[PDB]
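Scroll down for the structure; my scribbles are underneath it.
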Amino acid sequence: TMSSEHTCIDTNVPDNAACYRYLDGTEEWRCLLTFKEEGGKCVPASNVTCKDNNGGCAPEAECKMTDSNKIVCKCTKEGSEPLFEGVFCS
């Protein structure tokens with residue numbers, strides 16, 4: 001992993017998404033805030049927002065909408081480290 005990226009080494013990581021490997025050597029692939037993976041494939045959300053389930057956030061991220069009705073995701077549960085989009089925060 002270069003030095004310690006903790007990112008998967010060869011798991012399923014579709015484009016427009018972010019993948020990260022856990023400390024147990026496991027592997028997880030997440031999608032951006034505008035992409036949702038459903039069935040192993042990820043597609044543009046647009047309709048996904050706070051009104052729905054995490055408009056592209058993470059299992060530990062808060063959902064907030066902007067003046068444009070865009071769902072923003074930010075992980076910060078004390079000692080939490082959101083990744084790029086926050087869909088997955090350490």
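Within each chain, counting starts at residue 1; across the structure tokens, chains are named A, B, ... in the order shown, with ligands numbered 1 upward in that order.
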
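The residue set within 12 Å of residue 25 in chain A, counting only C-alpha atoms and dropping same-chain residues fewer than 4 places from it, reads residues 1, 4, 6, 7, 8, 9, 10, 11, 20 and 21 of chain A.
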
Residues of range 52-75 of chain A that have any atom at most 8 Å from an atom of range 31-48 of chain A: could you tabulate them with the shortest-distance atom pair and the distance in Å to one decimal, using only C-alpha atoms, ordered by chain and increasing number, as a Markdown table?
```
| residue | atom | partner | partner_atom | distance |
| --- | --- | --- | --- | --- |
| A:52 | CA | A:48 | CA | 5.8 |
| A:53 | CA | A:48 | CA | 7.3 |
| A:54 | CA | A:48 | CA | 7.4 |
| A:55 | CA | A:48 | CA | 4.6 |
| A:56 | CA | A:33 | CA | 4.0 |
| A:57 | CA | A:33 | CA | 6.5 |
| A:71 | CA | A:48 | CA | 7.6 |
| A:72 | CA | A:33 | CA | 7.6 |
| A:73 | CA | A:33 | CA | 7.5 |
```

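Of note, CA of residue 77 in chain A and CA of residue 23 in chain A are spaced 19.3 Å apart.
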
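Our summary of the geometry notes that CA of residue 29 in chain A is positioned 5.5 Å from CA of residue 13 in chain A.
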
What lies within 12 Å of residue 79 in chain A using only C-alpha atoms, ignoring chain neighbours under 3 positions off, as a ChimeraX atom specification?
/A:60,75-76,82,89-90

Mind writing the picked residues with N, CA and C atoms as a compact mmCIF listing (two decimals), in the first residue's frame?
```txt
# COMPACT_ATOMS: atom_id res chain seq x y z
N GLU A 60 -21.85 7.13 9.85
CA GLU A 60 -21.64 7.99 11.05
C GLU A 60 -21.51 9.46 10.63
N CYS A 75 -18.69 13.80 8.47
CA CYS A 75 -18.53 12.89 9.64
C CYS A 75 -17.66 13.55 10.71
N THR A 76 -18.13 13.58 11.93
CA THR A 76 -17.34 14.22 13.02
C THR A 76 -17.82 13.72 14.38
N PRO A 82 -13.55 12.04 8.37
CA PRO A 82 -14.28 11.84 7.10
C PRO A 82 -13.31 11.71 5.93
N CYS A 89 -15.82 7.85 7.45
CA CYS A 89 -14.85 8.59 8.30
C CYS A 89 -14.18 7.67 9.31
N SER A 90 -12.88 7.75 9.42
CA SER A 90 -12.15 6.87 10.38
C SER A 90 -12.54 7.24 11.82
```

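Within the 6 Å cut-off around residue 30 in chain A, using only C-alpha atoms and omitting residues fewer than 4 positions from it on the same chain, the listed residues are residues 17, 18 and 19 of chain A.
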
For C-alpha atoms, I'd like the residues from the last selection saved as a CSV table (one decimal), in the first residue's frame.
```csv
chain,number,residue,atom,x,y,z
A,17,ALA,CA,-16.3,6.2,-5.8
A,18,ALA,CA,-13.8,5.9,-2.9
A,19,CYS,CA,-12.5,2.7,-1.4
```

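Proximity to residue 80 in chain A was assessed for A:5, A:15, A:62, A:28 counting only C-alpha atoms; the smallest distance is recorded for A:62.
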
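Note that CA of residue 86 in chain A and CA of residue 12 in chain A are 18.9 Å apart.
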